[PDB]
Every structure is written in C-alpha cells, then in structure tokens.
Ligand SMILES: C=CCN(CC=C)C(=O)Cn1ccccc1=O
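Coming up is one lone chain in structure tokens, specifically the form deposited without the ligand.
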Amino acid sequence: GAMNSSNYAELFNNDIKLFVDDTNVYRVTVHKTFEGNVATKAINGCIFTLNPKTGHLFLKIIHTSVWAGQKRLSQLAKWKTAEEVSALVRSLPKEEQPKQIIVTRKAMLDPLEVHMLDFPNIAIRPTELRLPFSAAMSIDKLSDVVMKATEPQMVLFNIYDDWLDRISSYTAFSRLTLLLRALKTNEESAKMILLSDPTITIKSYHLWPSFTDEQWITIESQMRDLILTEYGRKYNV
C-alpha cells in the first residue's frame, strides 16, 4: 500500500522503483493585466522521476507549448505527467522497468494507474513521507536546463553525483532529502552554505560540490541548523 517510515529500507532494496513528483510540471507567474484583471503566464516545468537506489534522475522538461490552447491545466498536468512516465517505462528495456512507482502526491494515483493499465504488475503507490522534491528547481544546473529548453526534452542526471562510491544509498538519500529540505526552507542560506568556501567546487559533470567526507559532515550539520533556525523563526521558538 502506502510508503511510510515503517517501510523505509524498502527504498534501497534490489527491486527497481521510481519516485514521481509532479509539483514542478505546471508552473506559472500570476500578474495583473492592463485592464486590472489577473492572468497567469506559464513557464517551463519538469517531471522529477528518481530511482532512490541508484540516483538516476529522469528529468522530463515540460515546455510551455504543451499548455497552448488547453483548459483546466492543473488537471491536465497530472495526466501529462502520467502520460510521460508511461512513455518512459515503455522506452526502458524490460529488465530496467520499475516494479513499483511511488507518487509524492495522491492526486497522481488515478492518472498513473489509468496510463499503466497494460502494465498490471507495476505497483502504483502513494507515500506518507513529505519529500522535498519540489526544491529540485533550486539546484542550479537543473533549473538552468529547464528554463533554457525551447522544446520538450528529457535530460538524465545522477542526483547523487559520485557519492555511492563512498556511502550507501540509504545515506545518499538522507543527504539528498536534507539538502532539498534546506533549499526548500531557506534557499538563500542553503546555497550560501553550499558555496561559501570558494575552494570547494562543483565538477562540470556534477550537481553538488566536491566535499570530502569530513566536509559533508560539517555541511550536513549546517543544513540541520538552518532547518531548525528557520523552524524557530517561523514558530517563534
């Protein structure tokens, strides 16, 4: 059924699985019109489809042209997400296809379940975890490829860089979710933490800086402090 804290190690077993987050598929800026009404302008979005064991991220860029002349865009975006995840599964060799797809928002269940009616052995599951994948667009290289796209495009990344050479998937996912939670709670301060020291750089082929094991411990502590700091600023604690 649903994925929660009780069954958390299941994410790192040898059954292929993907998380799907649709929170950045349909993105808009709201503005006033000349007549003083309100209108939206869409900007490019993306589907965040992640294998939590390997770090492989299938970033499908959703170009604003897909919304042209369409109605009820927030509803359509869920079906377009399911359409594209469906298409991704069909493009993978059988031995690479997931056995489970976990959606981060329960509104994706029926659209995805409908799109995968002819794939009955792939479980479509919700989660009780509050995962910070919306903050993917705070990763500079991901935001850059989305905003520069002029047509639909799929871009492949490893969201863990080379971390799995030194740490387990469980620890890598924990680091990722901590980084993304910090970027979601206070993006300016998180980015300051990650780049404050000009001597630690981001390799051309990486998303995050090239921290040593000890530096990662310092960074992780600073991110926890940020999250707690913001939690106190928010609730006046």
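From 1 onward, residues are counted along the sequence shown.
There is another form of the same protein, the form solved in complex with the ligand; it is not shown, and what comes next is about it.
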Practice task
Could you check which residue among 155, 123, 109, 149 gets a heavy atom within 4.5 Å of the ligand in the bound PDB entry?
Solution key: 155
Handout entry: in the bound PDB entry, residue 204 touching the ligand (heavy atom, 4.5 Å)
Key = yes
Problem - in the bound PDB entry: members of 119-149 within 4.5 Å of the ligand, any heavy atom - result: 141, 142, 145
